[PDB]
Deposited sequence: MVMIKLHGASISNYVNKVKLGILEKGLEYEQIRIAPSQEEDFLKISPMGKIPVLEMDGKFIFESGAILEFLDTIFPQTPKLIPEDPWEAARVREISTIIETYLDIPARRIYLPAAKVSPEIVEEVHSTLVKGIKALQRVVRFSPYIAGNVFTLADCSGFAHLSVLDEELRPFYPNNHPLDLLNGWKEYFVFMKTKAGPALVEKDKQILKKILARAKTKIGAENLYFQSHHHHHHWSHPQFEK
């Protein structure tokens, strides 16, 4: 098999890549591993992170570099980076906002310390990010417009997890509730085979790990 994706289905960054692979209809195998600082893994993934893409004996790490690479070598539909450069920028903006300004903050919670205050700081930071995000998304029906893009890979993978993770922390208080279109979008994406499969694989492994 040409493409190997290293990383388990519970990782939202793994799932971001997986969504792009599935949507293009590429053939691949997922190799379920956990992160690790063993010298052997560091050789292919310097920070000990997943996902890692393996292809042609070469390894690419970092979900963003991976998806940009796949879109370059496998330009078949959908184009994760639109050909129009302005729309490409919007796609890249959306994805950066989601990962950098929403998920990074949220990980301080759902991954440490507990403080109503700490929790409080995060609530404010997320509300700020959500409001920024609102300005660039279209959900018509995809997050950046009328076709699947990189932004849907980041959006579906991260926001689905952010949504589940933060309900415990924020009943009546969830930041996403402020993102107009999120719920419709999430339901829409779940009517699709790729996103549905990504959710299923996550659920399968979660149920299994829970029996630790």
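Residues of the deposited sequence lacking C-alpha coordinates, counted from 1, fall in the stretches 1, 113-114, 216-242.
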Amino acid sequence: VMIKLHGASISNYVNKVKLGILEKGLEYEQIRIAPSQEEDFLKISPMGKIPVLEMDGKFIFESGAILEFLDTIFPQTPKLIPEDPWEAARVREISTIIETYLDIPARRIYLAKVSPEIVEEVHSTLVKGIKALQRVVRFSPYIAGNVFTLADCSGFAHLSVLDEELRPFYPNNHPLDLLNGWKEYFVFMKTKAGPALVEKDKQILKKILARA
From here on, numbers count along this sequence of modelled residues.
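Annotation for 99-107 versus 81-89: the higher mean temperature factor (C-alpha) is found in 99-107. When the mean C-alpha temperature factors of 38-46 and 53-61 are read from the deposited coordinates, 38-46 comes out higher. For the set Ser140, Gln134, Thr72, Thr125, the PDB entry assigns the largest Cα B-factor to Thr125. Among the modelled residues of its chain, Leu5 has a C-alpha B-factor that falls in the lowest third, as given in the PDB entry.
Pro175: CA B factor in the highest third of modelled residues in this chain (values from the PDB entry). The PDB entry assigns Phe169 a C-alpha temperature factor belonging to the highest third of its chain's modelled residues. When all modelled residues of the chain are sorted by CA temperature factor, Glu184 is found within the middle third. Sorting the modelled residues of the chain by their CA temperature factor places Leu159 in the middle third.
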